[PDB]
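Below you'll find the structure, written out as structure tokens, and then a few comments.
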Amino acid sequence: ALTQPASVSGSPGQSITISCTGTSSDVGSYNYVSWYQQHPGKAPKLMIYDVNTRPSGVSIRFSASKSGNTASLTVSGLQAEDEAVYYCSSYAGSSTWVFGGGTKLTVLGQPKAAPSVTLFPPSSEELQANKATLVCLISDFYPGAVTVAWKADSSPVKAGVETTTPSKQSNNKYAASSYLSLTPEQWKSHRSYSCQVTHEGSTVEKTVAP
Amino acid sequence: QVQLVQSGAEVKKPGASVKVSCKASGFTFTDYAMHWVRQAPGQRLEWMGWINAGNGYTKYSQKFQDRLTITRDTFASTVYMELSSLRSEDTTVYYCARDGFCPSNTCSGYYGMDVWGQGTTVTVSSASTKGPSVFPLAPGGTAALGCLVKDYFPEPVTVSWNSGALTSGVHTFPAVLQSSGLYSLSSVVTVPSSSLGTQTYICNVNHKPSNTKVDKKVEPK
Amino acid sequence: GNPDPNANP
């Protein structure tokens with residue numbers, strides 16, 4: 001895979017550049033480097049082909065070049081709509097093609113938002129089903145990254161934890177959930193369980209008890 | 001318009017095969033080549049192979065050479081991908097994309113995947129279809145209550161509250177996939193605390209792959 | 001040297 005930075009960010013109106021480093025066998029050997037923009041849930045769109053050619057209708061804010069084994073896409077006059085994952089690609093010989101790992105472009109500006117956390121204990125119905133799930137629901141945060149830690153009383157718990165990727169809500173903030181699976185007797189054997197959610201260095205904790 | 005329309009979502013067991021079609025319209029089919037490219041959730045595009053629509057010659061990534069065939073039917077303006085011996089890592093979206101066919105020894109201006117299909121989701125799992133268990137998540141200011149939709153396969157499920165009458169303050173969260181292969185999700189609604197014990201709250205769960213519908217009243221304990 | 005070869009199979 002061609003090597004791209006995991007992420008790049010800029011403020012509205014500024015320019016950013018995304019690098020794509022291959023080998024002399026691909027980027028370094030041919031003029032068939034393309035760039036693709038991909039918005040969530042949609043197919044990629046071609047933004048540059050033949051190293052530096054813009055396809056019809058693509059904004060002049062997008063331009064690209066290559067030097068040696070590294071290709072570079074530059075996006076000028078950053079706009080919120082440019083937030084997407086960008087991929088480079090190259091011919092690799094013998095009628096094969098290779099993609100880069102993609103770069104998430106963030107446009108800075110959106111206000112920060114602290115998470116709301118709701119923690120539910122196992123229902124009596126589920127306990128009777130011989131199962132126990134604690135459910136930690138985390139919503140309305142920005143930026144879209146949180147870490148979750150669980151505690152039985154004051155002691156860390158790592159077994160049985162399942163946490164989702166953050167997902168963008170309709171209001172452009174993020175949501176996630178974390179589930180702790182326990183046995184019914186483990187649930188009843190402690191005085192309390194807690195879900196601790198850390199977001200940009202600050203931590204919220206919710207606790208529930210049998 | 002110029003478009004590529006792919007066949008619909010597939011759910012498969014390990015070791016099975018899947019055959020996805022891509023139907024082209026709006027342009028001269030045999031003037032082009034068609035790639036297949038796939039993408040696991042949250043991960044990169046991965047090139048699989050391509051075919052020339054006219055002469056039918058193919059090239060596959062060596063990663064797929066043993067279990068991938070790409071074929072075309074000119075009269076139907078359709079390309080096919082068939083991926084055999086499926087494994088869980090084949091759970092991805094599969095895309096067809098148009099590219100150029102060059103007759104010359106120099107080919108500037110031909111290449112660049114300019115037209116893409118809408119994608120076909122393929123899920124490969126050892127799990128069998130199963131409907132969910134639904135558990136109540138019991139509750140001035142506002143209170144939160146919900147329902148846990150546990151242990152189903154495959155996606156999706158839909159949740160409503162009070163048969164769609166309650167929409168304000170509803171948040172249905174994306175599902176977690178457990179190591180059992182089964183999914184779970186939660187739906188929570190935030191409500192006035194003063195309404196608890198007067199107003200009835202029912203979550204309505206529909207899992208159409210198992211033909212399961214569940215209604216569950218959520219109440220203070 | 002051909003940076004613009006025929007890529008098609």
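Reckoned from all heavy atoms, side chains included, excluding hydrogens, waters and symmetry mates. All chains are named by letter (A, B, ...) in the order of the sequence lines, taking the proteins before the strands, and each is independently numbered beginning at 1.
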So do the side chains of [X] and [Y] get within less than 4.5 Å of each other, counting heavy atoms only?
| X | Y | answer |
| --- | --- | --- |
| A/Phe99 | B/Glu46 | no |
| B/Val188 | A/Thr118 | no |
| B/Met113 | A/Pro44 | no |
| B/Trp116 | A/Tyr36 | yes |

Does atom CG of B/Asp66 have more than 12 heavy-atom neighbours, drawn from other residues, nucleotides or ligands, at distances under 6.0 Å?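 Yes - once you tally the heavy atoms of other residues, nucleotides and ligands closer than 6.0 Å, there are more than 12.
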
Proximal component of [X], with respect to chain A [non-hydrogen, under 4.5 Å]:
| X | value |
| --- | --- |
| B/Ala175 | backbone |
| B/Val176 | both |
| B/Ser186 | both |

If you count heavy-atom pairs within less than 4.5 Å of chain A, which of B/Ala97, B/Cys107, B/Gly117 leads?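 Between B/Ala97, B/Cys107, B/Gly117, the count favours B/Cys107.
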
Looking at chain A, which one of B/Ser108, B/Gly49, B/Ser184 has the largest number of heavy-atom pairs inside 4.5 Å, strictly under? B/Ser108

Where along residues 32-45 of chain B does a heavy atom come under 4.5 Å of chain A, listed by residue number?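 Interface residues of residues 32-45 of chain B: B/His35, B/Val37, B/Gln39, B/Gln43, B/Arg44, B/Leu45.
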
Hey, could you give me the [atom1]/[atom2] distance between [X] and [Y], rounded to the nearest 0.5 Å?
| X | Y | atom1 | atom2 | result |
| --- | --- | --- | --- | --- |
| B/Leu137 | A/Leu137 | CG | CG | 7.5 Å |
| B/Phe173 | A/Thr164 | CZ | OG1 | 8.5 Å |
| A/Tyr32 | B/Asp99 | OH | CG | 10.5 Å |
| B/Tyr110 | A/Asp50 | OH | CG | 11.5 Å |
| B/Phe135 | A/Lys131 | CZ | NZ | 10.0 Å |

Distance-only donor-acceptor hits, side chain of residues 203-210 of chain A, under 3.5 Å, sequence neighbours excluded:
unit_1   : atom_1 : unit_2   : atom_2 : d
A/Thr203 : OG1    : A/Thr198 : OG1    : 2.9

Could you tell me which of [options] has the largest number of non-hydrogen atom pairs under 4.5 Å with chain B?
| options | result |
| --- | --- |
| A/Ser95, A/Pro55, A/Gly102 | A/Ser95 |
| A/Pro122, A/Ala176, A/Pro121 | A/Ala176 |
| A/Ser123, A/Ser178, A/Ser34 | A/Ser123 |
| A/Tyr49, A/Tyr91, A/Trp35, A/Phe120 | A/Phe120 |
| A/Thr133, A/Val85, A/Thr163 | A/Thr133 |

Quick one: what part of [X] sits under 4.5 Å from any heavy atom of chain B, side chain, backbone, both or neither?
| X | result |
| --- | --- |
| A/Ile138 | backbone |
| A/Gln38 | side chain |
| A/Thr96 | both |

Tell me every residue that passes salt bridge (charged side-chain N to carboxylate O under 4.0 Å, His left out) with B/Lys216, counting only those two or more places apart in sequence or in another chain.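 Checked B/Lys216 against salt bridge (charged side-chain N to carboxylate O under 4.0 Å, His left out); matches are A/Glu125.
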
Excluding sequence neighbours, so at least two apart, what forms salt bridge (charged side-chain N to carboxylate O under 4.0 Å, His left out) with A/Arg61?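 Checked A/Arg61 against salt bridge (charged side-chain N to carboxylate O under 4.0 Å, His left out); matches are A/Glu81, A/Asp82.
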
Show the nearest heavy-atom pair for residues A/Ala175 and B/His171, with the distance to one decimal.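 That would be CB-NE2, 3.6 Å.
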
